Each structure stands twice: as structure tokens, then as C-alpha cells.
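To begin, one chain is listed below as C-alpha cells, in the form deposited in one PDB entry.
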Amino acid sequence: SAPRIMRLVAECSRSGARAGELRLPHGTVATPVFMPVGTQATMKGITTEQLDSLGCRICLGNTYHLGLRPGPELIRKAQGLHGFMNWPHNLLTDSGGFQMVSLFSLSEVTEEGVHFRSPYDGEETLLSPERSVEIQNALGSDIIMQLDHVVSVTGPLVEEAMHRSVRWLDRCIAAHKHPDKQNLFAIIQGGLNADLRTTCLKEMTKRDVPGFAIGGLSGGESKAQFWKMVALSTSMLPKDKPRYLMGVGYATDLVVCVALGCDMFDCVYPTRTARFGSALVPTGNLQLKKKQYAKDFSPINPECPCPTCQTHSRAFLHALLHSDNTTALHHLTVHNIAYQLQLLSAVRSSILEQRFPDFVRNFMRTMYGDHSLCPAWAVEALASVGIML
């Protein structure tokens, strides 16, 4: 058995929610953890020092966009993504086959790999499992993801893509020559089909990879199907390895999925709400473009430690959203990332002090009010692990 990268430091005595640590090459990461996308932060003017100061010790790189600009060869010459973008902490990259790739740019998947289209009937580009590993090797990220056959879908394609993802996992494992330097994660597929997802869990966990992600659940399905598939996945994934739930990041989703056994999360959308003027708060969000904030001289959240809340009022941000929008979006993006990192930090602290069910009750009461106003799916999911509201 390969050395384990995770240890558990505490488990909720009621629910089993996990507080852990990942020993990665650019530092230890506390779990549960929300992982922002680095380039989404740099697009909004966020420096390494600013993101470090928010407590971030791991962020995502989107392999498709990095592979377009600046491209893998340039990143290789820069001695990896850490060197190129001046980031000293950990990086997680995906396979580059589907995340943030338009379906307009994708031809049909074949056994050889993913096929990209070029404009105006140009020549296509193949991304094989082996080339995906080679690219991520050049990026030098601390966690690299297998190439999987992602589908949006009913019928035989779900089962066919699930089994192809298993075959591609094996090919990525064979291609990845330095597990001492980068950690390859498998990605559980099978859609919303319990039998297919059970099969994928049974087969992929026969491979001794350092971590497992839960794929195919970020959007489209009912909330009932969503949390049942998360719980199915965590019931079968190894306890002694991390569980990374991909594409999930709304606050309530995060809290519930930690309760269900997940360790790592990513999502572009809560932070991207900043682009529309919305600031994340324990009661949900403030829409700072609204006229009621024009003379509101309090910060977004007096108890938020982010630079925006230490420095600026709602009124100032409201004025900037209208008259100097680019500056406003920097401030709101900093704050929204801060909220996500603060939320997960508070979740983790509560597990360590064995008060996680109390934390969940306070989180839900602040966000929604009485239990009859809480989302029914979340009440049911929490009850399934013993947390009553």
C-alpha cells in the first residue's frame, strides 16, 4: 500500500464529519477545504500575498485555459505553475478534458481520448489520458486529476462513460511516473444511477491512488438525487483517503456535504456572484447594487477579517459598483473568497471542538430561520447522519 497523504485529526462523534490534514509537497492543507480557482482571483486583481493572507493554502488551476494561455511549454520553461504565477502553496489541476470547455469546442469522445475542434472546420486536437498526465506533469501541481469521460444524460452512454473512465484511470496511473511528487486522484462517475455509481465506486477503489473525487453531481439533478449520490459515494470511498466533491460550493451545500463525509470542494459560482454586486454573508447575500446600501456606512460584515471589510463600507462599494466597477469587483471578489475560507475554517474548528451539530444548527438558523424554512433536502440529509434541527 502506498503512503497515505491524509490523516484524520477529529471525527464528529454524532455524524462522522471529518477534520483532516493533507500532507502535500507545498505544505499541509487542513480539511475540509474549499479551493478557489487561482486564475479567477488573478482576473480580479488578487495577488499571491492577498490570497495567502486570506488563509488559502491550495487553489485550482483549470488545465484547459492554462493549456491555451500561456500553454504547457511556457509553463514548463517557467519551472512549473508555482514558479510561473508566483504561488508557493498547493495547486490542484484537472485533466483538461472537460472543465470549462465549451461543447462547441468538443467533438465526440473516443477510446483514444477527448477531441477538440478548431474554428472554421480546422484540424482537431486529441487529448489522450497519457497526454493529460504529461501536461499536468509539466504544470507541476500537487494534485492532478485523471482524465474521465464526463457526460452532462440518460441511456447507455452513462454506463459506457463510467467504464471508459475506469479504463482511462488505469491509463493515467500507468502514465504517471512520479507519484512521489504529484498525487493522482480518481473521479467517481455513474451519474444519478445508484447501480452504476456503486459499480464505479467498487471498481475504482481497487486502484491504489492517493485520493478520490466525486464527479458528475455539480448540476442538473434534483437535490434529493444529489445528496443521496454524495452519501452513496462517501459510504464506499476509503475512510483513510480524501473525498473531493467537484463543482459544489454554495454555503449550505458545503455544510451538508461535510456532514455527509466530504473533505475538499471547488465551485466558481459563489465567488463569481461578485461580478453582479453580490456579497456573501451568514444570512445569504447582500445585493450591494440596491439603493438601500447607498447610505449604509457599515462594512459588508463587521466580523469578516477580509481587507474589504476592514477598510470599506457598503456605501463606498455601492458607489464603486456604479462609477468604478472594476475596482468594486476586486473588493467583492476578495470578500467572497474570504467568506468561503472562513466558513470552512469555522466548520473545521467545530469538528475539532466536538460541537459540529451545534455549528450546523446555528448555521441553518442564521441562514434560514426556523427548521420549517430550511431546505427540506438539507433537513433530510442532515437527519441521515444524526443531526436534527
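Only residues modelled in both forms are compared. What we label the rigid core is the largest C-alpha set whose atoms superpose within 1.5 Å from one form to the other. All residue numbers are counted from 1 along the displayed sequence.
The discussion below concerns the form deposited in another entry, not included here.
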Which one of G247, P299, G261, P270 is the only residue whose C-alpha moves by 2 Å or more between this form and the one not shown, after superposing on the core? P270
Core-aligned CA displacement of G220 at least 2 Å between this form and the one not shown: yes
Indicate whether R117 shows a C-alpha shift of 2 Å or more between this form and the one not shown, with the rigid core used for the fit. yes
Closer or farther in the other form, the Cα atoms of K202 and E221, when the shift from this form is 3 Å or more: farther
Work out whether the Cα atoms of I46 and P270 come closer together or move farther apart in the other form than they are in this form, the change being 3 angstroms or more. closer
Requiring every Cα in the run to move by 2 Å or more, and the run to span 3 or more residues, what stretches do you find between this form and the one not shown with the rigid core held fixed? 117-123, 219-221, 269-271
